[PDB]
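Participant: This structure is in structure tokens; I'll ask about it shortly.
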Amino acid sequence: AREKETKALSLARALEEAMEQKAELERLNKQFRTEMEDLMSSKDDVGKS
Amino acid sequence: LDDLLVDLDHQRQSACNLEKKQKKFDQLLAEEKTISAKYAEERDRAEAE
């Protein structure tokens with residue numbers, strides 16, 4: 001039972017690390033999305049034709 | 001008939017006296033089973049955990 005509890009508790013650490021690691025991509029994706037709109041909008045202004 | 005009654009008296013008294021002390025032996029076996037039952041309850045609840 002302690003092994004299952006330790007394995008279950010240890011599994012939460014992996015899930016927390018995945019959420020924390022995946023959280024960086026979420027914030028990074030949001031930052032990249034804002035920069036993508038700036039580069040896309042600025043590109044069309046230089047020569048949308 | 002008198003010899004059988006007299007002989008049965010010693011057997012009844014011996015059987016009753018022997019059975020009296022045997023009750024402690026049976027109780028001891030039951031006590032060990034009850035003590036071992038505690039481990040089963042701990043193991044049963046342990047498996048549930």
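Simple scheme: letters A, B, ... for chains in structure tokens order, numbers from 1 for residues in each chain, numbers from 1 for ligands in the order shown.
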Residues of chain B that approach chain A to 12 Å or less, counting only C-alpha atoms: could you list each one with the shortest pair of atoms and its distance in Å to one decimal, rows by chain and increasing residue number, as JSON lines?
Facilitator:
{"residue": "B:42", "atom": "CA", "partner": "A:1", "partner_atom": "CA", "distance": 11.1}
{"residue": "B:43", "atom": "CA", "partner": "A:1", "partner_atom": "CA", "distance": 9.6}
{"residue": "B:44", "atom": "CA", "partner": "A:1", "partner_atom": "CA", "distance": 10.8}
{"residue": "B:45", "atom": "CA", "partner": "A:1", "partner_atom": "CA", "distance": 9.4}
{"residue": "B:46", "atom": "CA", "partner": "A:1", "partner_atom": "CA", "distance": 5.9}
{"residue": "B:47", "atom": "CA", "partner": "A:1", "partner_atom": "CA", "distance": 6.4}
{"residue": "B:48", "atom": "CA", "partner": "A:1", "partner_atom": "CA", "distance": 8.1}
{"residue": "B:49", "atom": "CA", "partner": "A:1", "partner_atom": "CA", "distance": 5.8}
